[PDB]
Structure formats: C-alpha cells, structure tokens
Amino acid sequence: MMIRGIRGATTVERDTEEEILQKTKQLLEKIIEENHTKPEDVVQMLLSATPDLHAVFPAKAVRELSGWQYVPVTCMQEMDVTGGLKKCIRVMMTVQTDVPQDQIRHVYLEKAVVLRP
C-alpha cells in the first residue's frame, strides 16, 4: 500500500462565495470520480487560491460532500507569479491508495486546462 498526492486546479469567473464553492465542489467531485476516492482514505487536503480571490475559503466546499465531514483540510495562498493564471484554485489531496504514481488521475478544469501536462 502507499500514500499519494492527487492534484487538481480550476478557475472562477468572479471572486464571489458561490462561484468559488461551486467550482471547488466540482473540482473535488471530478477528482473523487476519476480516482474512485473514499473519504476515509484521505489523509488530508490542502487548498490554495491566488491572491485575487477573497470572498470565501474554498474548504467550505468540502463540507458539502456527504461523508467528508471528518476529512482534515486547510487553505493557503498560492504564489503570485508574473503572468501566472488568474483566479485559480488548486488542490492537493493526499490519499492511501494502491494506484501507481503514473496512473493517478490529476484533474484540470475550466481555464486551468492550460496547466495540464
């Protein structure tokens, strides 16, 4: 068995609470889907946002997922890089899994499809 990080990234059109939660929830749902993730198997989660989003912590979205109320999560500010993608929310979900590193399904949504390898 092993522990692996799963990466995701999305963008919002405006810095509002609803937009941020909607797009965050959608990101987590797509990750969970592609990686068949169960909440008991999640060690922890880190969420970041670029410094142009202030309306809400994206972690608020985690509590909208049935069964995820005990998954530990905290947020952080993403680096402000010159030319870097605007209004972008990123996740690092750490899970216990037997899926090989090269088979993990990292998720890029909305404008963040540009950051896809």
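Position 1 is the first residue in the sequence shown; the rest follow in order.
Once the C-alpha B-factors are averaged per stretch, 102-110 and 11-19 rank with 11-19 first. Across the two stretches, 64-72 and 41-49, the PDB entry reports the greater mean Cα temperature factor for 64-72. Sorting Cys88, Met79, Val91, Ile31 by the CA temperature factor given in the entry leaves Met79 at the top. Remark: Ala59 belongs to the highest third of its chain, ranked by C-alpha B-factor as recorded.
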